[PDB]
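Residue numbers (the authors' numbering), protein chains in the order written: chain A, 1 to 84, 95 to 255; chain J, 231 to 340; chain B, 1 to 175; chain D, 18 to 53, 79 to 335; chain E, 18 to 55, 76 to 331.
In this text, a Cβ means the ideal position worked out from N, Cα and C, and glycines have one as well.
Notes to accompany the following structure.
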Amino acid sequence: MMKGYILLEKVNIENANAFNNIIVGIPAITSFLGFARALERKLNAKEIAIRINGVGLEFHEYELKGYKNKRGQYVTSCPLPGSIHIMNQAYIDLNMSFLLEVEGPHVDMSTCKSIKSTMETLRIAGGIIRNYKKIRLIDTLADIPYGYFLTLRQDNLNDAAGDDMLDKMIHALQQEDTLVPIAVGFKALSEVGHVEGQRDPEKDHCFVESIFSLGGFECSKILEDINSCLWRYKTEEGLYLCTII
Amino acid sequence: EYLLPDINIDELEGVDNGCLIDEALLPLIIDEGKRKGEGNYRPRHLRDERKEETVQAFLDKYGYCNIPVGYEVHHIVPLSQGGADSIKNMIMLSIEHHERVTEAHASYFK
Amino acid sequence: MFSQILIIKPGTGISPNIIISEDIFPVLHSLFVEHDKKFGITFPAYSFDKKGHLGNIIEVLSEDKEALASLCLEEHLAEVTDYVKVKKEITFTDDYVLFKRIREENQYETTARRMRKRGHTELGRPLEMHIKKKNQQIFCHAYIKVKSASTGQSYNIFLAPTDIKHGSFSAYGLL
Amino acid sequence: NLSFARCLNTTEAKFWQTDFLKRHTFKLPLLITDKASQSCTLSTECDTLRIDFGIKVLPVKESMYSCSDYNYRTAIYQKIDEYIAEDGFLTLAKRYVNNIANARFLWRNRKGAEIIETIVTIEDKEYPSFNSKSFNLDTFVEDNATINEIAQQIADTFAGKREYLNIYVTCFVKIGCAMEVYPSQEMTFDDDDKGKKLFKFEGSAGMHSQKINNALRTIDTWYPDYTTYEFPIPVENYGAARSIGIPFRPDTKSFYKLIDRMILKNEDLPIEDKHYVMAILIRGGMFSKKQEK
Amino acid sequence: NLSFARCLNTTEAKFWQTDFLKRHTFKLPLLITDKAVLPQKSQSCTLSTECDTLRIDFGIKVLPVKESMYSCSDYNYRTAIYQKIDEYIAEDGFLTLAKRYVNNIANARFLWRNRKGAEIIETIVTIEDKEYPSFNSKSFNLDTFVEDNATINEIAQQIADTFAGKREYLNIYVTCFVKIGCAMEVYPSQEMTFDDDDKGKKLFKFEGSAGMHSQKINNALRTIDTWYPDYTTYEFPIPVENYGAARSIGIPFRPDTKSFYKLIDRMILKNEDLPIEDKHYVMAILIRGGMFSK
RNA sequence: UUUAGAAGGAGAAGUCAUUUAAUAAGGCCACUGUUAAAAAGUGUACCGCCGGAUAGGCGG
């Protein structure tokens with residue numbers, strides 16, 4: 001039982017779901033959190049017994065699946081619908107990297123082969139893995155290549171002019187260009203019982219809606235803390251969420 | 231995407247088993263180092279890595295048991311304007327040839 | 001066997017390969033010929049990452065204390081004392097590595113007459129190509145450049161380490 | 018932005034071919050043979091190679107060039123005044139006397155040669171012949187016949203008694219006949235000729251006087267762990283040497299923290315430490331503090 | 018808006034090689050020789086072999102200080118400046134500044150670094166002929182200004198006559214001789230290197246010889262200042278600038294209350310009388326010239 | 001166990017015609033570039049042979 005962190009370096013994904021609710025481009029972070037949880041479950045199916053809790057995102061390159069129409073606005077592309095008309099979807103080519111806060115025994119020069127074997131049956135936000143560049147276990151603060159980290163900056167999200175989120179989001183968005191909208195977890199309702207029609211009937215069912223906040227990009231050289239990134243799960247009385255504290 | 235030489239297939243001329251043996255062909259190697267990868271330099275972090283497969287590459291390129299003591303490893307655009315660790319983008323060299331081309335490549339890649 | 005340690009002094013801006021290939025071996029060849037060639041040389045400074053290296057330390061090997069006592073390199077070699085430093089601390093050590101002489105020079109016109117005289121065969125593609133390759137592998141090695149005496153010319157001598165800790169020696173101190 | 022200037026000015030050495038006995042007269046130019079790798083050698087007639095260069099000596103506090111603080115200048119002046127009233131700038135002058143005396147400036151021409159002789163002349167007077175083999179390399183002989191007479195003028199010119207000193211040094215090796223001696227090359231200027239070039243100025247070969255400057259600057263025996271290595275090192279900013287590979291003063295004994303504790307703290311540093319600081323003050327260079335980057 | 022051209026225009030110099038006895042007869046050019054360092078290449082110029090000394094000849098042109106008064110913006114400003122000029126003629130005669138400038142030539146402090154370690158300086162000036170080698174013959178000092186003699190008086194009187202209104206031009210030649218030494222290092226003016234391919238010591242050469250800039254001499258000829266604050270404890274004359282800031286020391290000597298801004302605010306626009314010490318500086322500014330805007 | 005799981009963008013085309021931009025103009029005056037440096041690694045590598053396989057080994 002020792003604390004460490006693994007790095008998934010330069011994972012490029014085609015057709016990742018970039019149309020979560022309102023944000024076109026960067027997907028919801030719960031996609032990456034559930035990807036880390038699916039990797040944790042895949043390693044738990046094997047008898048390695050290794051836990052993962054904490055994930056930070058480092059974006060390198062992005063390609064919205066489209067072009068520019070006249071002046072700079074984007075028009076996006078889509079496949080042809082078939083056997084069961096198109097309604098609303100978008101896709102992206104991401105080239106980003108993962109920091110996974112890894113907590114569990116027997117990590118040094120181990121579990122990398124298991125992660126490599128179990129990664130091939132995984133999709134990041136519904137997109138193909140293709141070829142990630144490397145898996146690394148270097149335990150330094152300056153172990154990051156030249157990328158940009160998407161963190162939770164609750165400064166203009168919290169303190170800005172405007173009475174409420176709506177009359178405050180766009181007003182906090184004019185003066186800062188790096189700051190971007192981010193879907194951050196999701197909670198709506200109650201009645202956690204066992205109503206039918208579930209994907210797995212032996213679980214807890216709910217009717218849940220996405221929630222939103224702000225985010226920002228900082229380089230690998232200039233930074234504040236590891237604790238200012240590496241997003242964590244959190245749970246309350248029906249208010250499941252992901253945050254950095 | 232990194233470039234590849236346009237001639238290296240097999241033992242063509244001036245070569246017994248992989249290594250450049252005979253002389254009067256290092257001008258051909260110097261113009262293969264030229265004529266490809268000019269003016270398209272990338273930053274240092276925008277460079278191909280040096281993998282650990284290369285020891286097995288020297289193992290099964292032609293049948294060597296390990297890295298020869300009497301030979302070295304070189305490419306045609308080393309760490310500047312393309313070049314990758316493919317199955318064919320390396321040419322092993324001699325001491326004098328490598329010493330000459332370390333300044334010959336830096337003559338235009340100053 | 002018995003060893004004597006001799007050191008060189010860096011910091012003067014000149015690598016001591018010239019001072020050990022010209023001021024040591026051409027002046028030691030005469031006493032090697034005179035004293036029946038019973039001495040060898042070695043160094044524990046092997047470094048073959050990319051090229052040949054020598055380091056800065058030399059040891060003289062002799063099979064008995066009488067040879068190292070009657071050599072007396074401290075006094076007769078009092079000409080390059082600003083570069084070399086002597087040790088009068090001869091003893092027996094169990095950390096000696098032996099060295100042999102390997103030589104492979106170019107043989108186009110040196111044995112072109114022999115190949116046109118003794119045994120002739122077609123040498124176009126396969127065999128002449130075997131020459132320079134044989135002149136390449138041993139080329140990538142730590143060499144020593146010395147001078148002859150009969151016909152004045154310099155050449156390369158390659159000194160390869162060996163596991164044969166016992167045996168006789170030659171004029172170059174090797175076998 | 019503190020910066021001194023050289024109190025020892027160097028002129029480029031020139032190679033002249035010369036016969037055996039007539040060393041003073043019959044000097045001939047030394048041309049360089051361009052072979053396919080420039081190199082040269084002595085002919086079958088002349089068997090003496092001459093080196094002629096000059097040293098200009100100007101006083102140390104008058105050699106001060108750049109400062110943005112009057113109090114640093116005042117503290118430097120007070121330290122120099124205390125050094126004059128304490129030592130008198132005689133030992134560094136004696137060490138430069140020994141380094142020009144023992145013919146340490148030829149570098150590669152010293153090895154393999156025996157008959158090396160130098161003559162040091164002032165603007166109106168000269169000095170007798172020299173046996174530069176008899177001196178050692180790692181020591182500094184400070185008790186001879188004319189060493190006080192040759193060092194006192196340099197000490198007074200460093201101090202301020204004499205405004206100027208001009209030294210002409212002509213030295214020659216003589217033992218070899220038809221041997222070769224190569225000057226310092228002219229770097230990798232143009233790569234049209236891949237071979238090694240040579241030094242060419244005024245229709246002759248010679249020597250870069252930066253080589254002579256770093257020859258005379260090698261007197262420092264005050265570095266840490268002196269007993270481990272036991273040789274003089276050139277008086278540099280860190281004392282670094284690119285031959286052994288280890289920087290000799292990466293510690294508080296290096297010049298930056300030394301001058302910080304000497305000026306900003308007014309510490310009573312010992313005699314060898316202030317000897318090192320006046321040696322690096324004599325050498326001169328850019329001594330400014332690091333900007334906040 | 019106000020501007021002032023140079024009341025005196027010097028000549029960008031050259032270097033030539035002579036001997037002690039062949040000082041006036043035999044001459045030779047002095048060429049820049051390149052050098053290698055460490076990397077980099079430095080064009081360190083040096084005095085050639087088989088010499089004894091060093092020639093440098095340039096020329097100085099003196100013109101009247103009311104004729105060189107450049108583009109102004111007020112006729113009243115011109116009348117005020119001319120009124121102060123004729124007052125300075127009536128009470129002094131524009132000759133103390135001429136004496137101090139000819140003493141600045143007479144200590145020959147335009148050589149800068151070639152003065153350090155120099156054996157003898159010989160400045161020859163030809164108003165029409167060679168008066169005397171006295172100029173720079175007897176060694177000077179930067180603590181007293183040498184009065185009396187005869188050459189100082191006659192050249193200062195002619196320079197004052199050309200200064201005030203009595204002439205229209207004077208063209209004399211500063212051919213000075215610096216005995217640095219046999220094949221010693223000569224410092225020419227260094228060109229400002231603006232390329233990183235060969236970022237060594239780029240120097241300034243004349244048309245077939247080694248040169249030196251005009252501002253190397255002109256800014257070293259305004260060294261006269263004995264009328265500045267804290268002179269009693271500094272005891273050396275700083276060169277003349279606008280704010281008086283000397284970059285050699287780093288402490289601005291002048292601009293406490295005696296800079297050119299205070300003189301332009303208590304002169305001309307408002308009429309006030311200031312002493313000889315507070316007028317010789319403001320009349321030594323006009324010989325230098327510049328751009329006196331705002 | 002991730003707003004998870006899935007999907008055929010296609011075939012075809014005529015952009016064409018002529019057209020005068022030009023008259024007038026003051027960039028200025030002055031400011032020391034200097035401090036200091038390691039190009040050279042050994043810069044080239046021959047014969048007499050025994051060997052008749054261009055195996056491999058002694059000497060100058």
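Given a threshold of 16 other Cβ atoms within 10 Å of its Cβ, counted over all protein chains shown, does residue i qualify as buried or as exposed?
{"i": "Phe95/D", "result": "buried"}
{"i": "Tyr101/A", "result": "buried"}
{"i": "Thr181/E", "result": "exposed"}
{"i": "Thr160/D", "result": "buried"}
{"i": "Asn26/D", "result": "buried"}
{"i": "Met328/E", "result": "exposed"}
{"i": "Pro257/J", "result": "exposed"}
{"i": "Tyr156/A", "result": "exposed"}
{"i": "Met97/A", "result": "exposed"}
{"i": "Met119/A", "result": "exposed"}
{"i": "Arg325/D", "result": "buried"}
{"i": "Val102/E", "result": "buried"}
Tell me whether residue i sits in a helix, a strand or coil according to DSSP, three-state version.
{"i": "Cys239/A", "result": "coil"}
{"i": "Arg146/A", "result": "strand"}
{"i": "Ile50/A", "result": "coil"}
{"i": "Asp198/D", "result": "helix"}
{"i": "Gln252/E", "result": "helix"}
{"i": "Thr269/D", "result": "helix"}
{"i": "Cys122/A", "result": "helix"}
{"i": "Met328/D", "result": "strand"}
{"i": "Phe227/A", "result": "strand"}
{"i": "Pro276/D", "result": "strand"}
{"i": "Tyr298/D", "result": "helix"}
{"i": "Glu29/D", "result": "coil"}
{"i": "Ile93/D", "result": "strand"}
{"i": "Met106/A", "result": "strand"}
{"i": "residue 188/B", "result": "In this structure chain B extends from 1 to 175, so residue 188/B is not present and cannot be described."}
Which whole-angstrom value is the C-beta distance of residue i and residue j, which I expect to be below 8 Å?
{"i": "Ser107/A", "j": "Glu9/A", "result": "5 Å"}
{"i": "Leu54/B", "j": "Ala160/B", "result": "At roughly 14 Å, the Cβ-Cβ gap does not stay under 8 Å, so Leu54/B and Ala160/B are not in contact."}
{"i": "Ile49/D", "j": "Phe214/D", "result": "Not really, about 19 Å apart at Cβ, beyond 8 Å."}
{"i": "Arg146/D", "j": "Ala257/D", "result": "5 Å"}
{"i": "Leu174/B", "j": "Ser168/B", "result": "With 8 Å as the limit, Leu174/B and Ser168/B do not qualify as a contact, their Cβ atoms being about 10 Å apart."}
{"i": "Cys88/D", "j": "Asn18/D", "result": "Wrong, their Cβ atoms sit about 51 Å apart, outside the cutoff."}
Just checking residue i against the ligand MG - is the residue's beta carbon closer than 7 Å to any of the ligand's heavy atoms?
{"i": "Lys136/E", "result": "With respect to the ligand MG, the structure shown offers nothing to examine, as it has no ligands at all."}
Query raised in the report: Okay, do the segment 122 to 130 of chain A and the segment 34 to 50 of chain A touch, 3+ Cβ pairs below 8 Å being the bar?
Result: As far as the Cβ criterion goes, the segment 122 to 130 of chain A touches the segment 34 to 50 of chain A, which means the pair count is three or higher.
Requested in this report: Kindly confirm or deny that the segment 189 to 200 of chain D and the segment 29 to 38 of chain D touch, where touching means at least three C-beta pairs closer than 8 Å.
Outcome: Taking a cut-off of 8 Å on C-beta distances, the segment 189 to 200 of chain D does not touch the segment 29 to 38 of chain D, as fewer than three cross pairs fall below it.
Query raised in the report: Does the segment 270 to 281 of chain D touch the segment 109 to 119 of chain D, meaning 3 or more C-beta pairs lie closer than 8 Å?
Result: The count of Cβ pairs closer than 8 Å, one atom from the segment 109 to 119 of chain D and one from the segment 270 to 281 of chain D, stays below three, leaving the stretches out of contact.
Report task. Give a yes or no on contact between the segment 174 to 181 of chain A and the segment 28 to 43 of chain A, applying the rule of three or more CB pairs nearer than 8 Å. Result -> Counting Cβ pairs under 8 Å, fewer than three are found: no touch.
Report task. Scan the segment 34 to 97 of chain B and note each continuous beta strand (DSSP E) run of 3 residues or more that stays entirely inside, going in chain order. Result -> Every unbroken stretch of the beta strand (DSSP E) spanning 3 or more residues and falling wholly within the segment 34 to 97 of chain B is given here in chain order: 39 to 42 and 57 to 62.
Query raised in the report: Hey, is the segment 130 to 147 of chain A in contact with the segment 184 to 202 of chain A, meaning 3+ C-beta pairs nearer than 8 Å?
Result: In this structure the segment 130 to 147 of chain A does not touch the segment 184 to 202 of chain A; the number of beta carbon pairs closer than 8 Å is below three.
Query raised in the report: Which whole runs of the alpha helix (DSSP H) in the segment 166 to 237 of chain D are 4 residues long or more, in chain order?
Result: Counting only runs that start and end inside the segment 166 to 237 of chain D, the alpha helix (DSSP H) elements of at least 4 residues fall at 189 to 201.
Query - beta strand (DSSP E) segments (min. 3 residues) lying fully within the segment 174 to 225 of chain A - result: The qualifying runs are 190 to 196.
Query raised in the report: Would you call the segment 1 to 20 of chain B and the segment 80 to 88 of chain B touching, i.e. three or more CB-CB distances under 8 Å?
Result: Judged by Cβ distances under 8 Å, the segment 1 to 20 of chain B makes contact with the segment 80 to 88 of chain B, as three or more pairs qualify.
Query raised in the report: Taking one C-beta from the segment 220 to 228 of chain E and one from the segment 241 to 250 of chain E each time, how about it: are there three or more such pairs within less than 8 Å?
Result: Short answer: they touch.
Requested in this report: Would you be able to state if there are at least three C-beta pairs under 8 Å between the segment 206 to 213 of chain E and the segment 96 to 109 of chain E?
Outcome: Flag = yes, the segment 96 to 109 of chain E and the segment 206 to 213 of chain E touch.
Requested in this report: Take every Cβ of the segment 102 to 114 of chain B, pair it with every Cβ of the segment 129 to 140 of chain B, and state whether three or more of those distances are shorter than 8 Å.
Outcome: Taking a cut-off of 8 Å for Cβ pairs, the segment 102 to 114 of chain B and the segment 129 to 140 of chain B touch, as three or more such pairs fall below it.
Query raised in the report: If you pair each beta-carbon of the segment 257 to 267 of chain D with each one of the segment 306 to 319 of chain D, do three or more pairs fall below 8 Å?
Result: Touching, yes.
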